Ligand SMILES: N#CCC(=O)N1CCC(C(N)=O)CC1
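Presented as structure tokens, the chain that follows is alone, the form deposited without the named molecule.
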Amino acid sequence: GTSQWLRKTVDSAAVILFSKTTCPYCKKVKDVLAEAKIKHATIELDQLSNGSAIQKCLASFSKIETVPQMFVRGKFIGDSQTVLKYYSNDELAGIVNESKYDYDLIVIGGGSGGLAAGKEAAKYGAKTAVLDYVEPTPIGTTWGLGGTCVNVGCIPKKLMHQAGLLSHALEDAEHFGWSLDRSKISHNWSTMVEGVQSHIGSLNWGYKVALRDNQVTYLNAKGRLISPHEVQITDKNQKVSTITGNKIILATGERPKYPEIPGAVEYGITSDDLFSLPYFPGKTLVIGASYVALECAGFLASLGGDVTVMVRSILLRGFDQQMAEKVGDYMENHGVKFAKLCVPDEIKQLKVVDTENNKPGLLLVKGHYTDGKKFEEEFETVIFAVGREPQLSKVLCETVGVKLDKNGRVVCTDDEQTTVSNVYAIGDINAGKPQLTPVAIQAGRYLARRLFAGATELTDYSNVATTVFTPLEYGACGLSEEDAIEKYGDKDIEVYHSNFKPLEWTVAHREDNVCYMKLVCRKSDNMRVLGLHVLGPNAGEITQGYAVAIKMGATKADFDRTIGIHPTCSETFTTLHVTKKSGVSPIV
């Protein structure tokens, strides 16, 4: 059992030292490597259980049973005297640099998972390249290093969400005694875009500095895997070349889809364009009903826009539908309009974007409702949020042999391995995994440690908590109510729930019975918490701590016996008692 772990670690590591904490001969070698500025993995054999068995099994590669032993790319290099002989003869640097390949690791894609995989691999001596290239949108929008979240995703959207929230802050301040007139204050879109884009630019720059200070080679070029170990690159001048790597990580992400209808690509935009748009969108139509669509429609309305959402069927497909409907009712009562059971047919241009004076165009949208009735209205901006997809034909040559699924995502084992033994995939293109930035970052960091440091820890993809940052935020961990009932049967499911009102909302005269939370529990398993759901302010900060308890198997009793922090919204989870089966009202 242990023998095949050691073969795997020795064959994959770039520079690895087998050591012991107590040994000073090991200390002698560590310092030689530190002074020579050689980075490497170290496996302190006294700090592991089967450590005495590994010391003996090392001899299969080296013919010695003692410590230290140093390896470079699968090859035994020496004990303390032999490495010191290489240092003293200036043979060391050429030994640790000799490789069959240009790089130990090539990462295709410089986003959340790719940059994390890259930086972590370089820590343990892997010679690493990171490739990133941002294909422009149809109107030519492009951005810097860091991926979807940093440039056109979580970071800009939560910053605009905050701008929206500050509007109700201004309203609330009058009731708390501040002398301002909310009625006489307006919002400047381009001022906000300049602040958001300036922060994004400091992140582009930070990532490039991080790569340089880890000796990671960053190539702003489009990557294409033509064979298991060969990557073809194409730079800004359209110059083609080929580099080789031992291990390959695909981390190229996704991009927004367009519907197959006239005018969409020509006259619409997507979220890729929204976050650096130079003019205010004006009267906007959002087509779609995913979290992206609702989040954007949500802050556009809070900033003062005339906003409409076109919903084919339901909101937030895949999420708990009671919570989804409460999310949607809140938005509808605070000035988002909904065109229900409606799909688009064409977009007609009426005015071209006034690019000089910084103004939007004018469009005609024509569609029909699900019964047959017709839709026709004019908008200044149309935003499509109808899903995202990878396009691995751009990245991946079919002859290489990497299996994809029917959606176009990479089929992987539970350690991210593809059907080609040295190629891996992480992040949104890994089939079946939650498409979330913290997931990609963990997957990337954990894989790098297994490749180049002898680690065994895998990424746990179950019960990952989410938050939808609509004007009233919605946090969740675990199963929706309908999924629990389906998997276990309604007679085994108990649901504790309650409305609540933040203390902050009392003096501000906000609504009484709009915030809501519930625990979905399995009776036959000690009333285990199957899913947690909360609609209210700061839902992400509320939910996050409970994801730890859910990972650990929390039960209703665990929540009961824990004491609240007062006054908070979150404490309401510690005294839930009304069940749905009882019929009692959840109001306060």
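Just count from 1 along the sequence shown to find any residue number.
Although not depicted, the form deposited with the named molecule bound is the subject of the following passage.
Query - Distance check, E346 to the named molecule in the deposited bound form, heavy atom within 4.5 Å - result: Residue-level check for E346: no, no contact with the named molecule.
| Using 4.5 Å between non-hydrogen atoms, is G206 touching the named molecule in the deposited bound form? | Output for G206 is no: heavy atoms all beyond 4.5 Å of the named molecule.
* Though only this chain appears here, would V495 touch the named molecule in the deposited bound form if you measure heavy atom gaps against 4.5 Å? -> Judged by the heavy-atom cut-off of 4.5 Å, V495 is well away from the named molecule in the deposited bound form.
Would you check, heavy atoms only and a 4.5 Å threshold, whether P262 touches the named molecule in the deposited bound form?
-> Taking the distances in the deposited bound form, the answer for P262 is no, it never comes within 4.5 Å of the named molecule.
Q: Note which of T244, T459, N214, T137 lies within 4.5 Å of the named molecule in the deposited bound form, where distance is taken over heavy atoms; exactly one does.
A: After the contact test, the surviving option is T137.
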